[PDB]
Amino acid sequence: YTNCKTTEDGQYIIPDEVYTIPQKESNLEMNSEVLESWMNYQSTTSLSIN
Amino acid sequence: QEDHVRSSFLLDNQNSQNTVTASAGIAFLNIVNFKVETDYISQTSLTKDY
Numbered sequence: 067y068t069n070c071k072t073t074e075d076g077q078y079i080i081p082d083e084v085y086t087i088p089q090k091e092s093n094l095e096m097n098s099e100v101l102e103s104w105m106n107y108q109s110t111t112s113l114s115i116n
Numbered sequence: 217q218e219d220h221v222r223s224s225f226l227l228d229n230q231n232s233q234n235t236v237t238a239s240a241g242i243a244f245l246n247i248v249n250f251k252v253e254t255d256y257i258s259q260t261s262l263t264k265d266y
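Chains as they are written, first to last, in PDB author numbering: chain D, 67 to 116; chain C, 217 to 266.
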């Protein structure tokens, strides 16, 4: 670190023997999946004998 | 940025209602009186969602 070399954006100090290509890339992927099932069964039998 | 939203909703519903009433009466002249009535109710409901 003799030369106190810095990345051009001024963010980080780097050793004299390396160089940085700035590729400031971000990837986002959000996947949401909702499954809802509802089954309602209702029965009613009624028998009357007189 | 890309954004996809797919929303599918399915609803199903069935109601079935049967009713039966069977009556029968033999009415003589104050000697024999025989009266019979039967009843039968069948009510069902079935709802499904998705």
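For every residue, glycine included, the Cβ atom is placed at its ideal position computed from N, Cα and C.
Pick from the options that is closest to residue i, judged by C-alpha positions
i, options, result
"D/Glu102", "C/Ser223, C/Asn229 and C/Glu218", "C/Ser223"
"C/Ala238", "C/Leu245, C/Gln259, C/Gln230 and C/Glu253", "C/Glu253"
"D/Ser112", "C/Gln259, C/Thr263 and C/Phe250", "C/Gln259"
"D/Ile87", "D/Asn106, D/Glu95 and D/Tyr78", "D/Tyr78"
Euclidean distance between Cα positions of residue i and residue j
i, j, result
"C/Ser232", "C/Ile257", "11 Å"
"D/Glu74", "D/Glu91", "17 Å"
"D/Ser114", "C/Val236", "10 Å"
"D/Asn69", "D/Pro81", "8 Å"
"D/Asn97", "C/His220", "9 Å"
"C/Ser261", "C/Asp255", "20 Å"
"D/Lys71", "C/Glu218", "39 Å"
"C/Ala243", "C/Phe250", "7 Å"
Same chain, Cβ closer than 6 Å to residue i, five either side skipped, listed in chain order
i, result
"C/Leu226", "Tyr266"
Residues near residue i in its chain [Cβ-Cβ closer than 7 Å; skip 5 each side]
i, result
"C/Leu245", "none"
| field | Residues, ordered as in the chain, of the stretch 67-93 of chain D that lie near chain C by beta-carbon distance below 9 Å | value | none
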